[PDB]
Amino acid sequence: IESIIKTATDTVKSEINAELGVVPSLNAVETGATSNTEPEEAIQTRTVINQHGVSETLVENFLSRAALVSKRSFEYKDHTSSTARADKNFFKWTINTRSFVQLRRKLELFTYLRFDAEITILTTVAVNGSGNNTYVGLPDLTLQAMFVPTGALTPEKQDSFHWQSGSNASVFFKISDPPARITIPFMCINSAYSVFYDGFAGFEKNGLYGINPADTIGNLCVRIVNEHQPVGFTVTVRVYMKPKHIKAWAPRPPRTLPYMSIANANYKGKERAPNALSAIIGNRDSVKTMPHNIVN
Amino acid sequence: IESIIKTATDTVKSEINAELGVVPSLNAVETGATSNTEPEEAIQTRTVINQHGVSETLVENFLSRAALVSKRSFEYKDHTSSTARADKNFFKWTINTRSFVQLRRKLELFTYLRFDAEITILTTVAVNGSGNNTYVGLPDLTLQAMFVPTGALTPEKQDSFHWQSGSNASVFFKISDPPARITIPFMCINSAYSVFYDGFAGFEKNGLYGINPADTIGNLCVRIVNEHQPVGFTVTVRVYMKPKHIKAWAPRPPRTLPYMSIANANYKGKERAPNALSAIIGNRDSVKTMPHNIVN
Amino acid sequence: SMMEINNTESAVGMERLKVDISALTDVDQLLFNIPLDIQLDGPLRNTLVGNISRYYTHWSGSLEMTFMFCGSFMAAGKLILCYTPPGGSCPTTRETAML
Amino acid sequence: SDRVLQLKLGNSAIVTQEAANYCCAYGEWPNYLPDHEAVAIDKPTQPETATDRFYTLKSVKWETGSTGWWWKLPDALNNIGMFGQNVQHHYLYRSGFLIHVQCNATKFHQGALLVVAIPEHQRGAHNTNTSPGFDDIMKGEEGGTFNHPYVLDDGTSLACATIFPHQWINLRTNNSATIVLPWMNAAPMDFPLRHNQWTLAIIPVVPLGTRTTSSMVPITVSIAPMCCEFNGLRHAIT
Amino acid sequence: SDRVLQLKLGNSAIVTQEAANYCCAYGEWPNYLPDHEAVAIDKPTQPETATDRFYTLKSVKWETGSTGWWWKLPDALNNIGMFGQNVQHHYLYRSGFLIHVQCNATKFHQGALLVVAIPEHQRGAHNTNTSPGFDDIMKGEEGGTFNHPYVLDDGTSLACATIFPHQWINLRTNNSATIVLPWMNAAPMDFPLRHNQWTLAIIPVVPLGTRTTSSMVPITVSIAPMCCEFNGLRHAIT
Amino acid sequence: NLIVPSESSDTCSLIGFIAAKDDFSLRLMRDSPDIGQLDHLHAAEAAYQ
Amino acid sequence: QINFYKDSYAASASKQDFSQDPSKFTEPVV
Amino acid sequence: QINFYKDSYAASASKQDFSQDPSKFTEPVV
Ligand SMILES: Cc1cc(CCCOc2c(C)cc(-c3noc(C(F)(F)F)n3)cc2C)on1
Ligand SMILES: Cc1cc(CCCOc2c(C)cc(-c3noc(C(F)(F)F)n3)cc2C)on1
C-alpha cells in the first residue's frame with residue numbers, strides 16, 4: 001500500500017474478542033514478513049485521534065544537514081627551506097565522505113543514494129607561536145578553492161599556472177567573508193551513488209575493492225592567493241557537505257563496531273562491551289536482571 | 001539540416017541486412033564529407049531512448065568562464081629613489097588575451113568571436129620583508145582602475161592629472177571589498193573579433209603581422225589612490241575576463257605545441273614527445289603494441 | 001580527423017599519420033591495433049573529437065572510425081577491422097578478433 | 001506440512017511440501033531492460049530457457065560449530081552452463097535470481113537458519129587496515145563461510161540483517177526458503193566478472209541440536225537466473 | 001566493379017565492391033521451425049545475434065597444384081564462439097548458413113573458382129573397399145582438400161556439380177561469392193556432432209596464372225549461421 | 001593479401017580518421033591537460049612597458 | 001523559496017515527499 | 001535574471017541556443 005502519510009495512524013476502539021479460527025497475535029517469522037498484529041487485536045483499545053506529524057523522519061530531513069567532510073591545517077609562511085612533505089601555502093584533498101564517522105554512518109544506512117551536494121568552506125587563521133613570535137594580528141587573506149575533476153592536472157605549487165583555471169570551477173573568498181558556499185550536482189555516471197560496492201575498480205585483479213569507479217569525484221585544491229609575509233600563520237580550512245534532493249534505496253543495518261579506515265569496512269571492535277566484536281551490547285548479571293529497577 | 005538539439009539522438013532497432021546495391025559502410029573521404037554510416041547500418045542494434053542533454057557543450061557554456069587574463073605585482077612604498085623601470089605605485093597594461101595559455105587556447109578554437117567581456121579585479125597585499133621589516137599588518141587601500149581607449153593619454157605618475165578621469169571610465173574599489181566587476185561591450189569596429197589575422201596592421205611593410213588593428217582595445221591603468229606609508233607593501237592585482245553573449249565562427253584545429261610568445265604563433269615544441277615538433281603523441285614500441293593491455 | 005596510429009619512433013611528422021601495409025606470405029596476419037584511450041596519450045589524443053573531449057570529464061555515445069586506402073588503382077586487398085569490448089587482453093589472432 | 005510450492009523455470013523444476021511462502025525482494029519481479037532505461041545500443045542476447053533455469057550448487061554440511069555460508073552472484077553462477085558461457089563471451093549482463101535453499105531434518109531436530117540476500121554486501125577484514133583481496137571475495141561456486149556472523153563480516157549487526165530480503169528455515173516449521181531478487185544495481189547493466197549485485201547468506205542463528213541418532217544434515221542452494229540479457233559479444237575471457 | 005553488396009548479420013558485416021550477385025539455394029530463405037513441423041516439444045533456445053553472425057575461417061593458399069578445399073557444416077563452425085557453445089550444450093540444432101567466399105588478385109591474374117554447396121556430400125574413398133573413417137570426414141575449422149576434384153571425391157562428375165547451389169569467382173570478373181542456404185535435411189532438427197547437412201567446396205577449375213610478380217593469393221571463407229535453434233539442453237559434450 | 005602488379009608500389013598506405021556520432025555527449029567541463037605554462041610568454045611583460 | 005539560479009539543482013531541499021510504502025520491507029511476500 | 005541595468009549587454013550569459021547545423025562541417029558538398 002503506497003499512500004501519503006503525514007501523521008501517525010489513529011487508534012480505533014475494540015471490544016472483547018473470542019472467535020474460533022482467528023488468531024491475530026500468532027505469526028510466522030519464517031515467511032520473512034513482520035507481524036501484522038494490531039494493538040486493537042491484542043488489547044482492548046479506545047479511539048485516539050493521532051495528530052503526530054512524520055515530517056522529521058523524511059529521508060530528506062534526516063540527511064539534509066551540513067556535516068564536516070574535510071579539515072586541513074597548513075602553514076602560510078615562507079616555504080623555501082621546508083621539506084617536500086608539508087603543504088606549502090596550499091593543499092589538495094581527494095574528495096570522500098568516509099573520513100568523519102557521523103556523516104559516514106548516516107550515509108551508510110542506505111545502499112544507493114542520489115543527491116546534490118551543498119559545499120560550505122569555513123577558514124580560520126592563527127598566529128604561529130613557534131620560536132619567539134608574537135600575536136601581531138590576524139590578516140584578512142584571500143583563498144582560492146578549485147575543483148579539479150578526474151583526469152585534470154592538479155597544482156604542484158602555490159603559484160603554478162594551474163591556478164589560472166580557464167575551465168576548472170574556482171571560488172575566491174576572504175576570511176572576513178561568510179563561509180563560501182556552492183552547489184555540486186549529482187555527478188555520478190550512474191543513476192545513484194554506490195555507498196557500498198561489492199566489486200573491484202579495474203579490469204585486472206589488483207584493483208581496489210569496495211570503491212566504485214563510477215562514484216569518483218576528483219580533487220579540491222585550496223590555496224592562499226596572498227603571497228607569504230614576514231611572519232608565519234596557521235590556516236585551517238573546514239569543508240562541510242549537505243545533501244539535498246535526496247533519493248535513497250535499500251536501507252542497511254547500522255554499523256556497530258568503530259570504523260578502522262576510510263578505504264574499507266574493516267572491523268576490530270572495542271576491547272570490552274559495548275560495541276565489542278563478541279558483545280555489541282553491554283552485559284548484565286543475567287537474563288533475569290534489570291539494572292535500572294525502580295525500588296521503593 | 002538546422003534544427004533544435006537538446007538531447008543526444010535515440011537509437012532504432014535494426015535487423016539483418018543483405019541487399020545488393022546498398023553499401024552504407026562504404027564511403028568516399030576524397031569528397032571532403034564525413035562518413036554518414038549509422039550504427040543501425042553497421043551492426044544490429046536495439047531501440048534506445050537517449051536522454052543525454054547537450055547543454056554543457058554549448059559555445060556559451062564552453063567559453064563563459066572567468067579566466068586569468070592579467071596578473072601584476074608592484075611595490076606600494078616611497079618611490080623617490082627607485083629607478084625609472086619599476087611600477088611606482090601604479091601600472092598600465094595593454095589589454096590582450098594571449099598571455100595565459102588556457103584562455104588563449106580555448107579562444108583560438110574559432111576564427112571569429114563576438115562577445116561582451118565581464119572583467120573582475122582581485123587585489124591582494126603583502127607586507128614587504130626586504131631589509132628588517134616586520135609584519136605590521138595589512139592596510140585597507142583604495143585602488144583605481146581606469147580604462148584608457150586608444151588615442152587617449154595614459155598616466156605617467158601615481159598623482160598625475162590623468163587620474164581625474166573626466167570621461168574615461170574608472171572604478172574605485174577597496175581591498176576589503178569583493179573583487180571589482182564591470183562589463184565591457186563588444187568593442188570591435190568589425191562585426192566580430194579576429195582571433196587570427198592573416199594580414200599586417202599598417203599601410204606600409206613594417207607593420208605588425210597577425211594582430212588586427214580593428215581588435216585594438218586600449219590600456220588598463222591601475223593605481224593605489226592612497227599615498228605611500230612609512231613601510232613598503234607588495235600589491236598584486238589579478239584581472240579575470242569572462243566572455244558572454246558569444247557568437248563563434250570557423251572552428252580551428254587546437255594548438256599542440258607550447259606557446260612561445262603573445263605576439264605571434266611561433267612554435268618549437270618539446271624536446272621529446274608528446275607535443276614535440278616531430279612527434280605530437282608519445283611513442284609506443286610498434287603499431288602492434290598497446291601499453292595498457294589487460295593481462296590476467 | 002586523422003588518427004596518429006603510427007606513433008612510433010622512426011616515424012617523423014606526417015609519417016605518423018599513415019599506416020603502411022605490404023604483401024605478406026602468411027595468412028590471417030595482424031597489421032596494427034589502435035588504443036582506444038582518448039583520456040591517455042595515444043592515436044586518438046590529437047583529434048577534433050579527442051581535443052574537444054579532453055576539456056570534459058564524462059563522455060557517452062558512439063564513434064565512427066574511417067579508413068581510406070591510398071594505394072594504386074590496381075592494388076587489391078581485403079582487410080578486417082575489429083572492435084573488442086573491454087574485459088580481456090587485446091586479440092592477437094584473427095580467429096579471436098572476429099568474435 | 002505448512003505450504004506447498006512448485007517452481008518450474010525452464011527444463012528444471014522444484015517441489016516443496018513444507019514451505020512458509022516465498023519472498024519477492026522489495027515486492028518486485030524480474031523484468032527485461034526497457035528501451036527508456038537502456039544504455040548500450042547493441043542488440044542484446046536473451047537465451048531464456050538456456051540460462052533461465054535452476055543451477056544447484058555443492059552442498060554444505062550443517063555442523064554444530066558452523067558460522068554460516070555465503071555465495072556471491074553472479075560470481076557463483078559464472079562458469080556454470082550456458083549462463084557461464086554467455087557471461088564469459090559477453091562484456092555486460094543483466095539478470096534477476098530465484099533462490100531456493102533446501103534443508104530438512106527429523107521432528108526431533110531443532111535449528112534456525114537465516115537466509116538473507118544482501119545487496120552490495122561489501123565485506124571487511126578483521127584486525128587489519130588492509131582491504132580484502134581478490135581471493136577473499138571471489139570464491140566461485142563453492143562460496144565462503146562467515147568469519148564473524150555476529151557483525152555480518154562488515155562491522156554491522158546480524159540482528160538488523162532482517163532489513164534485507166530474507167526468510168527463515170526453522171526445522172520445526174519448514175525445510176525450504178525461496179527469495180525472488182530483481183535486478184539490483186545503480187547501472188542498467190554491469191560487467192559480471194568484477195562486481196557482485198547480491199550475496200546469499202545462510203547463518204545458523206539457532207544451532208542444530210538433537211538427541212536421536214546423528215546424521216549428516218546438508219544445506220543445498222539452487223539459483224535460477226531470470227530475464228538474463230547479455231551485451232558486448234567478443235571472445236571468451238573467463 | 002561489377003556489383004556491390006553489404007551483409008550485416010549481427011555485430012559483424014561484410015562489404016564487397018566486385019561481386020556478381022548472391023545465390024539463394026533453391027530460391028529459399030532461412031526460417032525458424034514452424035509449429036506444424038516441430039517434433040521436439042522442448043522449448044528451443046534462439047540466441048540470434050550471439051550465433052547468427054559471420055565467423056571467418058583460416059585462409060588457404062591458392063597455388064598452382066591446388067585441387068580444391070571443402071568445409072562441412074556445421075562441423076566447421078562447431079567449437080567456434082557461442083554457436084559452438086550452444087552446439088556442445090544442446091542435443092539438437094537447426095540453422096541455415098550465409099556463406100561468403102573472398103578471393104582477390106590483380107588485373108594481370110587469371111583463374112576460375114567454382115564455389116558450390118553440396119547437400120549431403122557423402123564422400124567415398126579411392127581404390128579401396130573400406131569406407132571413409134571418422135578422421136577422414138571430420139576435419140573441423142580447417143576443412144580438407146579434394147583428392148580427386150574431377151569426380152567430386154564420390155565417383156560422380158565435377159562437370160555436373162552446377163546442379164547444386166553454386167557461384168563462380170572469376171578473377172577477371174569478381175572477387176567474392178555469396179550463397180544463402182536454408183535448412184536442408186530430412187528431419188526438422190538434427191544432432192550436430194554426427195551429421196553434416198552442407199559441404200562448401202571451392203574447386204580451381206581454371207588454375208591461377210600470371211606473368212607479373214608473384215604474390216600469395218589466399219581464399220577466405222566466412223559463414224554466418226542463420227535462424228539458429230537448439231533443443232535438448234544438458235552438460236557440454238564437445 | 002595485398003596483391004599489386006610489378007609496376008605498382010608493393011607497400012601501400014592507409015589513413016585513419018575518427019569522429020563522433022549524434023549519440024555523442026560530453027559533460028563536467030575541466031581544464032584541458034594538453035596546454036601548460038612554466039613561465040611568462042615572450043613579450044608578455046612588455047605589455048606593462 | 002527564491003532560487004534565482006538558472007540550474008534547477010541549485011534549489012533548496014525538497015522536504016515535501018510524504019508518500020511511503022513500508023510493505024516493501026515488512027510484507028515482501030507474494 | 002534580474003538585470004536592472006539600462007544597457008542590454010550588461011545582462012548575464014544567454015545559454016539557451018540549442019539550434020545547430022553540423023552538416024555545414026560534415027557534409028559541405030553540394
Ligand atoms: C557519496 C558521495 C557524495 C558525494 C559528493 C561530494 C562533493 O565533493 C565536493 C566538495 C567537497 C567540494 C567541491 C568544491 N570546492 O570548491 C569548489 C569550487 F569553488 F571550485 F567551485 N568546488 C566540489 C565537490 C564535488 O560524492 N559521493
Ligand atoms: C579577443 C578579445 C577579447 C577582448 C576583450 C577584453 C576586455 O579588456 C578590458 C579589461 C581586461 C579591463 C577593462 C577595465 N578595467 O577597469 C575598467 C574600469 F573600471 F575603468 F571601468 N575597465 C576594460 C577592458 C576593455 O578583446 N579582444
# chains A, B, ... in the order shown; residues from 1 in each chain; ligands from 1
>>> interface_residues(of="chain F", to="chain C", cutoff="8 Å", atoms="only C-alpha atoms", output="PyMOL selection string")
chain F and resi 1-5+8-33
>>> calpha_fit_and_write(fixed="chain B", moving="chain A", output="CSV table (one decimal) with C-alpha atoms, in the first residue's frame")
chain,number,residue,atom,x,y,z
A,1,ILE,CA,19.6,20.3,-41.5
A,2,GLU,CA,19.3,23.1,-39.0
A,3,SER,CA,17.2,22.1,-36.0
A,4,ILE,CA,17.0,22.4,-32.2
A,5,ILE,CA,19.0,19.7,-30.5
A,6,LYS,CA,18.5,19.4,-26.7
A,7,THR,CA,19.5,15.7,-26.2
A,8,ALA,CA,21.6,13.1,-28.0
A,9,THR,CA,19.8,11.2,-30.8
A,10,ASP,CA,18.0,8.0,-30.0
A,11,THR,CA,18.8,4.6,-31.5
A,12,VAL,CA,16.4,2.5,-33.5
A,13,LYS,CA,16.4,-1.3,-33.7
A,14,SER,CA,17.7,-2.9,-36.9
A,15,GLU,CA,17.5,-6.3,-38.5
A,16,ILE,CA,19.7,-8.4,-40.8
A,17,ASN,CA,20.7,-6.6,-44.0
A,18,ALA,CA,21.7,-8.3,-47.3
A,19,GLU,CA,20.7,-6.1,-50.2
A,20,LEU,CA,22.5,-5.5,-53.5
A,21,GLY,CA,23.5,-2.0,-54.5
A,22,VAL,CA,23.5,-0.7,-50.9
A,23,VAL,CA,26.8,-0.4,-49.0
A,24,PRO,CA,26.2,2.1,-46.1
A,25,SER,CA,29.6,1.2,-44.6
A,26,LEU,CA,31.5,2.3,-47.8
A,27,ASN,CA,32.4,6.0,-48.0
A,28,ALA,CA,34.5,8.4,-50.0
A,29,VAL,CA,36.8,10.5,-47.9
A,30,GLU,CA,38.0,12.4,-51.0
A,31,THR,CA,34.7,14.3,-51.3
A,32,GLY,CA,35.6,16.1,-48.0
A,33,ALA,CA,32.5,14.8,-46.3
A,34,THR,CA,32.4,12.8,-43.0
A,35,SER,CA,31.1,9.2,-43.2
A,36,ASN,CA,27.3,9.1,-42.9
A,37,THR,CA,27.3,5.4,-41.8
A,38,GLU,CA,24.8,4.9,-39.0
A,39,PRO,CA,25.2,2.4,-36.1
A,40,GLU,CA,21.9,0.9,-37.2
A,41,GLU,CA,23.6,0.1,-40.6
A,42,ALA,CA,26.9,-1.3,-39.3
A,43,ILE,CA,25.6,-3.6,-36.5
A,44,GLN,CA,22.2,-5.0,-35.4
A,45,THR,CA,21.0,-2.5,-32.8
A,46,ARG,CA,18.2,-2.1,-30.3
A,47,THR,CA,15.9,0.8,-29.5
A,48,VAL,CA,17.4,3.2,-27.0
A,49,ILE,CA,15.6,6.3,-25.8
A,50,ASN,CA,18.5,8.6,-25.3
A,51,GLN,CA,18.0,11.3,-22.6
A,52,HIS,CA,21.5,12.9,-22.5
A,53,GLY,CA,21.4,16.6,-22.7
A,54,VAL,CA,23.9,18.6,-24.8
A,55,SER,CA,23.7,22.0,-23.0
A,56,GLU,CA,27.2,21.7,-21.5
A,57,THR,CA,28.9,21.8,-24.9
A,58,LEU,CA,27.1,25.0,-26.0
A,59,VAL,CA,29.7,27.5,-27.1
A,60,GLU,CA,28.3,30.0,-24.5
A,61,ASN,CA,28.8,27.5,-21.7
A,62,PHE,CA,32.1,26.3,-23.2
A,63,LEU,CA,33.5,29.8,-23.2
A,64,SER,CA,31.6,31.7,-20.5
A,65,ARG,CA,34.1,31.1,-17.7
A,66,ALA,CA,36.2,33.6,-15.9
A,67,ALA,CA,39.9,33.1,-16.6
A,68,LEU,CA,43.0,35.0,-15.6
A,69,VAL,CA,44.0,37.5,-18.2
A,70,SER,CA,46.3,39.7,-16.3
A,71,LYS,CA,48.5,39.5,-13.1
A,72,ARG,CA,50.8,42.3,-12.0
A,73,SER,CA,52.7,42.8,-8.7
A,74,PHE,CA,54.1,46.2,-7.8
A,75,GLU,CA,55.6,47.8,-4.7
A,76,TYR,CA,53.4,50.3,-2.8
A,77,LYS,CA,56.0,52.5,-1.0
A,78,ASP,CA,58.0,55.7,-1.3
A,79,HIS,CA,59.5,55.6,-4.8
A,80,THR,CA,61.8,58.7,-4.6
A,81,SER,CA,65.0,56.7,-5.1
A,82,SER,CA,63.6,54.0,-7.3
A,83,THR,CA,64.7,53.7,-10.9
A,84,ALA,CA,62.6,54.6,-13.9
A,85,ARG,CA,61.7,51.0,-14.6
A,86,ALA,CA,59.6,49.8,-11.6
A,87,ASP,CA,55.9,50.5,-11.1
A,88,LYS,CA,55.8,53.5,-8.8
A,89,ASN,CA,52.5,52.8,-7.0
A,90,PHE,CA,50.7,52.1,-10.3
A,91,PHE,CA,50.9,50.2,-13.6
A,92,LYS,CA,49.4,50.2,-17.1
A,93,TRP,CA,48.6,47.1,-19.1
A,94,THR,CA,48.0,46.8,-22.8
A,95,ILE,CA,44.9,44.6,-22.8
A,96,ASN,CA,45.3,41.3,-24.5
A,97,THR,CA,44.1,37.7,-24.3
A,98,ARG,CA,47.3,35.9,-25.3
A,99,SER,CA,49.3,35.9,-22.1
A,100,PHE,CA,47.8,32.9,-20.3
A,101,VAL,CA,47.6,29.6,-22.2
A,102,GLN,CA,44.3,28.2,-21.0
A,103,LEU,CA,42.1,31.0,-22.1
A,104,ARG,CA,44.2,31.6,-25.2
A,105,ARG,CA,43.9,28.0,-26.4
A,106,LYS,CA,40.1,27.9,-25.6
A,107,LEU,CA,39.6,31.2,-27.6
A,108,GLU,CA,41.8,30.1,-30.5
A,109,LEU,CA,39.5,27.2,-31.3
A,110,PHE,CA,37.5,29.6,-33.5
A,111,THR,CA,38.4,32.0,-36.3
A,112,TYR,CA,35.9,34.7,-35.3
A,113,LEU,CA,34.4,35.6,-31.9
A,114,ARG,CA,31.8,38.2,-30.9
A,115,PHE,CA,31.2,38.6,-27.1
A,116,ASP,CA,30.9,41.1,-24.3
A,117,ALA,CA,33.6,40.8,-21.6
A,118,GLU,CA,33.0,40.6,-17.8
A,119,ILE,CA,36.0,42.0,-16.0
A,120,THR,CA,36.7,41.0,-12.4
A,121,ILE,CA,39.7,42.5,-10.5
A,122,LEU,CA,41.0,40.8,-7.4
A,123,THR,CA,43.7,42.6,-5.3
A,124,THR,CA,45.9,41.1,-2.6
A,125,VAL,CA,48.5,42.8,-0.4
A,126,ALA,CA,51.6,41.5,1.4
A,127,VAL,CA,54.0,43.2,3.9
A,128,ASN,CA,57.4,43.7,2.4
A,129,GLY,CA,60.1,41.6,4.1
A,130,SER,CA,63.1,43.3,2.5
A,131,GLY,CA,65.7,44.6,5.0
A,132,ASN,CA,64.4,44.2,8.5
A,133,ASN,CA,60.7,44.9,8.1
A,134,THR,CA,58.1,43.2,10.3
A,135,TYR,CA,54.6,42.1,9.6
A,136,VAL,CA,52.9,45.3,10.9
A,137,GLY,CA,49.6,44.3,9.4
A,138,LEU,CA,47.7,44.7,6.1
A,139,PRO,CA,46.2,48.1,5.2
A,140,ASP,CA,42.8,48.5,3.6
A,141,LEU,CA,43.7,50.5,0.5
A,142,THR,CA,41.7,52.1,-2.3
A,143,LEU,CA,42.6,51.2,-5.9
A,144,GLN,CA,41.5,53.0,-9.0
A,145,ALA,CA,41.2,51.1,-12.3
A,146,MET,CA,40.9,53.4,-15.3
A,147,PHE,CA,40.2,52.2,-18.9
A,148,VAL,CA,42.1,54.4,-21.4
A,149,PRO,CA,40.8,53.8,-25.0
A,150,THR,CA,43.2,54.0,-28.0
A,151,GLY,CA,44.4,57.5,-28.6
A,152,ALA,CA,43.8,58.7,-25.0
A,153,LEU,CA,46.8,59.7,-22.9
A,154,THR,CA,47.8,57.3,-20.1
A,155,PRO,CA,49.0,58.4,-16.6
A,156,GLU,CA,52.8,58.8,-16.1
A,157,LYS,CA,52.7,59.2,-12.3
A,158,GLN,CA,50.5,57.9,-9.4
A,159,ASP,CA,49.3,61.5,-8.9
A,160,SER,CA,49.1,62.8,-12.5
A,161,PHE,CA,46.1,64.8,-13.7
A,162,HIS,CA,45.0,61.9,-16.0
A,163,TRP,CA,43.5,60.2,-12.9
A,164,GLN,CA,40.8,62.8,-12.6
A,165,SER,CA,39.0,60.8,-15.4
A,166,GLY,CA,36.6,63.4,-16.8
A,167,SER,CA,35.4,61.0,-19.5
A,168,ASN,CA,37.5,57.8,-19.0
A,169,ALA,CA,35.7,55.0,-17.2
A,170,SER,CA,37.2,54.4,-13.7
A,171,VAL,CA,36.3,52.1,-10.9
A,172,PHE,CA,37.3,52.8,-7.3
A,173,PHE,CA,37.4,49.7,-5.0
A,174,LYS,CA,38.8,48.7,-1.6
A,175,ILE,CA,40.8,45.5,-0.9
A,176,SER,CA,38.3,44.6,1.8
A,177,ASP,CA,35.5,44.8,-0.8
A,178,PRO,CA,34.5,41.9,-3.0
A,179,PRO,CA,36.5,41.8,-6.3
A,180,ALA,CA,35.5,44.7,-8.6
A,181,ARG,CA,33.4,43.7,-11.5
A,182,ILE,CA,32.3,45.6,-14.7
A,183,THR,CA,31.1,44.7,-18.2
A,184,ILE,CA,32.8,45.9,-21.4
A,185,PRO,CA,30.7,45.6,-24.6
A,186,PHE,CA,31.7,44.2,-27.9
A,187,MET,CA,34.2,47.0,-28.8
A,188,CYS,CA,35.3,45.8,-32.2
A,189,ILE,CA,34.9,48.1,-35.2
A,190,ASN,CA,34.0,44.9,-37.1
A,191,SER,CA,31.1,42.5,-36.6
A,192,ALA,CA,33.4,40.1,-34.8
A,193,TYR,CA,36.9,39.8,-33.3
A,194,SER,CA,39.7,38.3,-35.3
A,195,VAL,CA,41.3,35.6,-33.2
A,196,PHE,CA,43.7,35.1,-36.1
A,197,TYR,CA,44.7,37.8,-38.6
A,198,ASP,CA,46.5,36.9,-41.8
A,199,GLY,CA,47.5,40.5,-42.5
A,200,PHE,CA,49.5,43.5,-41.5
A,201,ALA,CA,48.4,46.3,-39.3
A,202,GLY,CA,49.7,49.3,-41.3
A,203,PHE,CA,49.6,50.6,-44.9
A,204,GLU,CA,53.4,50.1,-45.1
A,205,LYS,CA,55.5,47.0,-45.0
A,206,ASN,CA,56.9,47.4,-41.4
A,207,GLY,CA,53.6,46.8,-39.6
A,208,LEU,CA,52.8,44.0,-37.2
A,209,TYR,CA,51.7,40.7,-38.6
A,210,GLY,CA,48.9,38.7,-37.1
A,211,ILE,CA,47.4,41.5,-34.9
A,212,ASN,CA,44.2,43.1,-36.3
A,213,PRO,CA,44.0,46.8,-35.8
A,214,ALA,CA,40.2,46.5,-35.6
A,215,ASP,CA,40.5,44.4,-32.4
A,216,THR,CA,42.6,47.0,-30.5
A,217,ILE,CA,41.2,47.6,-27.0
A,218,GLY,CA,43.4,50.1,-25.1
A,219,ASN,CA,45.1,50.3,-21.8
A,220,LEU,CA,44.1,49.4,-18.2
A,221,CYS,CA,45.8,51.7,-15.7
A,222,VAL,CA,45.6,50.6,-12.0
A,223,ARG,CA,46.9,52.9,-9.2
A,224,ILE,CA,46.7,53.0,-5.5
A,225,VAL,CA,44.7,56.1,-4.5
A,226,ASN,CA,46.3,56.1,-1.0
A,227,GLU,CA,49.6,57.9,-0.6
A,228,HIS,CA,52.6,55.8,0.4
A,229,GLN,CA,53.2,55.0,4.1
A,230,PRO,CA,56.3,54.6,6.3
A,231,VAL,CA,56.6,50.9,5.4
A,232,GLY,CA,56.5,49.2,2.0
A,233,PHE,CA,54.0,46.7,0.7
A,234,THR,CA,53.6,44.5,-2.4
A,235,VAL,CA,50.2,44.7,-4.1
A,236,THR,CA,49.2,42.0,-6.7
A,237,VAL,CA,46.3,42.8,-9.0
A,238,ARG,CA,44.7,39.9,-11.0
A,239,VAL,CA,42.3,40.6,-13.8
A,240,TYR,CA,39.9,37.8,-15.0
A,241,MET,CA,37.8,38.0,-18.1
A,242,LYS,CA,34.5,36.1,-18.8
A,243,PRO,CA,33.0,36.2,-22.3
A,244,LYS,CA,29.2,36.3,-22.6
A,245,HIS,CA,26.7,36.6,-25.4
A,246,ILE,CA,29.1,34.7,-27.6
A,247,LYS,CA,28.9,34.0,-31.3
A,248,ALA,CA,31.6,31.8,-32.8
A,249,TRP,CA,32.6,31.2,-36.5
A,250,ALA,CA,35.0,28.9,-38.3
A,251,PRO,CA,36.4,26.4,-35.7
A,252,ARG,CA,40.1,25.7,-36.0
A,253,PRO,CA,42.5,22.9,-35.0
A,254,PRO,CA,43.7,23.1,-31.4
A,255,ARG,CA,47.3,24.1,-30.8
A,256,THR,CA,49.5,21.2,-30.0
A,257,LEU,CA,52.9,22.8,-29.5
A,258,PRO,CA,53.6,25.1,-26.5
A,259,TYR,CA,53.1,28.8,-27.0
A,260,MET,CA,56.3,30.8,-27.4
A,261,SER,CA,55.0,34.4,-27.4
A,262,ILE,CA,51.9,36.5,-27.1
A,263,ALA,CA,52.7,38.4,-30.3
A,264,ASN,CA,52.8,35.5,-32.7
A,265,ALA,CA,52.1,31.8,-33.3
A,266,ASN,CA,55.7,30.8,-33.3
A,267,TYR,CA,56.5,27.2,-32.4
A,268,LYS,CA,59.4,25.0,-31.4
A,269,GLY,CA,57.8,22.1,-29.5
A,270,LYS,CA,59.0,20.0,-26.6
A,271,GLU,CA,62.4,18.2,-26.7
A,272,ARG,CA,60.7,14.8,-26.8
A,273,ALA,CA,57.2,13.6,-27.3
A,274,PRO,CA,54.4,14.2,-26.5
A,275,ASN,CA,53.8,17.6,-28.2
A,276,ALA,CA,57.2,17.6,-29.9
A,277,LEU,CA,57.6,19.2,-33.4
A,278,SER,CA,58.4,15.8,-34.9
A,279,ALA,CA,56.1,13.7,-32.6
A,280,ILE,CA,52.9,15.3,-31.1
A,281,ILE,CA,51.8,12.0,-29.5
A,282,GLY,CA,54.1,9.8,-27.3
A,283,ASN,CA,55.7,6.8,-28.9
A,284,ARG,CA,54.9,3.1,-28.5
A,285,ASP,CA,57.0,0.1,-29.4
A,286,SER,CA,55.1,-0.6,-32.6
A,287,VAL,CA,51.8,-0.4,-34.3
A,288,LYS,CA,51.1,-3.8,-32.9
A,289,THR,CA,51.6,-2.8,-29.2
A,290,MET,CA,49.1,-1.5,-26.7
A,291,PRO,CA,50.6,-0.1,-23.5
A,292,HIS,CA,47.7,-0.6,-21.1
A,293,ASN,CA,46.8,-4.2,-22.1
A,294,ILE,CA,44.6,-6.1,-19.7
A,295,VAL,CA,46.6,-9.2,-18.8
A,296,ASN,CA,45.1,-11.9,-16.5
>>> interface_residues(of="chain E", to="chain B", cutoff="6 Å", atoms="only C-alpha atoms", output="NGL selection string")
:E and (4-11)
>>> write_last_selection(atoms="C-alpha atoms", output="compact mmCIF listing (two decimals), in the first residue's frame")
# COMPACT_ATOMS: atom_id res chain seq x y z
CA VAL E 4 28.36 -4.04 -54.62
CA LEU E 5 26.77 -5.77 -51.65
CA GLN E 6 26.73 -5.46 -47.86
CA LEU E 7 25.90 -8.25 -45.40
CA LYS E 8 25.32 -7.22 -41.78
CA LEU E 9 24.27 -10.35 -39.84
CA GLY E 10 24.66 -9.21 -36.25
CA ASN E 11 27.64 -7.28 -34.88
>>> residues_around(residues="region 143-153 of chain D", least_positions_apart="4", cutoff="8 Å", atoms="only C-alpha atoms", output="ChimeraX atom specification")
/A:256,277-278 /D:67-72,76,123-125,138-139,157-159,203
>>> interface_residues(of="chain H", to="chain G", cutoff="10 Å", atoms="only C-alpha atoms", output="MDAnalysis selection string")
chainID H and resid 1:2 15
>>> write_last_selection(atoms="N, CA and C atoms", output="short mmCIF file (atom, residue, chain, number, x, y, z; two decimals), in the first residue's frame")
data_model
loop_
_atom_site.label_atom_id
_atom_site.label_comp_id
_atom_site.auth_asym_id
_atom_site.auth_seq_id
_atom_site.Cartn_x
_atom_site.Cartn_y
_atom_site.Cartn_z
N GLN H 1 17.88 37.20 -15.73
CA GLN H 1 17.52 37.01 -14.33
C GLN H 1 16.94 38.29 -13.74
N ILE H 2 17.80 39.22 -13.34
CA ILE H 2 17.37 40.48 -12.73
C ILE H 2 17.64 41.67 -13.65
N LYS H 15 22.47 31.14 -22.28
CA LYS H 15 22.74 29.72 -22.53
C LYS H 15 21.46 28.98 -22.94
#
